[PDB]
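# Chains, contacts and geometry: an overview
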Amino acid sequence: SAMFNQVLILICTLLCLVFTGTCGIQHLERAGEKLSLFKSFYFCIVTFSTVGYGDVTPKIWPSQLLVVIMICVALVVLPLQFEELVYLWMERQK
């Protein structure tokens, strides 16, 4: 089942990115302005959902960039997998 396979890849990647985001915001903002993990989950899923509320964001030199870098990579990485998911839907139709 390829449909299944890429569904998995999507989920895996999402999970990975969420994890990287939690782990990303965890050690940094924990210094200057302390934030709970749920705030991170929020931010991550707020970034990959393309929402961007802005209640709390990075105020620090590296902190923004790191989030940014992860997004930029994600924004390339995001469609790769959606693109993938599309390819199978085309195979299923065939």
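What counts as what
Residues numbered from 1 in each chain as written, not as in the entry; some residues may be left out. Heavy atoms only, no water. Residues with missing side-chain atoms left out of burial classes, pairs and counts. Salt bridge = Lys/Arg side-chain N within 4 Å of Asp/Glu carboxyl O. Helix = DSSP H or I, 4+ residues; strand = E, 2+ residues; numbered from the N terminus. Buried < 20%, exposed > 50% of the residue type's maximum accessible area, 1.4 Å probe, protein only. Contact = heavy atoms within 4.5 Å.

Judging from the entry metadata, cryo-EM is the method by which this structure was determined, and 5.2 Å is the reported resolution.

What follows concerns the pattern of salt bridges. Side chains that differ in sign of charge can pair as their charged atoms come close. Applying the stated rule across the entire model yields 1 salt bridge. With a closest N to O distance of 3.4 Å, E33 and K59 form a salt bridge. Within this pair, whereas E33 is found in the loop between α1 (2–32) and α2 (37–48), its partner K59 is found in the loop between α2 and α3 (61–93), the two being separated by 26 residues in sequence. Exposure remark for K59: the relative accessible area of 63% places this residue in the exposed category.

This part takes up the side chain of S63. Here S63 shows up in helix α3. The class of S63 is buried, set by a relative accessible area of 2%.

Turning our eyes to something else, we now look at the environment of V7. Summarising the element assignment, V7 is placed in helix α1. Using a relative accessible area of 35% as the deciding quantity, one classes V7 as partly exposed. Once the C-alpha coordinates of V7 and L17 are considered, the two residues, 10 residues apart in sequence, prove to be 15 Å apart.

For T50, which is not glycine, the phi torsion reads 60 degrees and is therefore positive. Mapped onto the elements, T50 comes out in the loop between α2 and α3.

Relative to the elements of secondary structure, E29 occurs in helix α1. The buried category is assigned to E29, whose relative accessible area is 6%. On a C-alpha basis, the gap between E29 and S40 in space is 9.9 Å, while along the polypeptide they are 11 residues apart. Residues within four places of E29 in sequence aside, it is in contact with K34, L35, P58, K59, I60 and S63.

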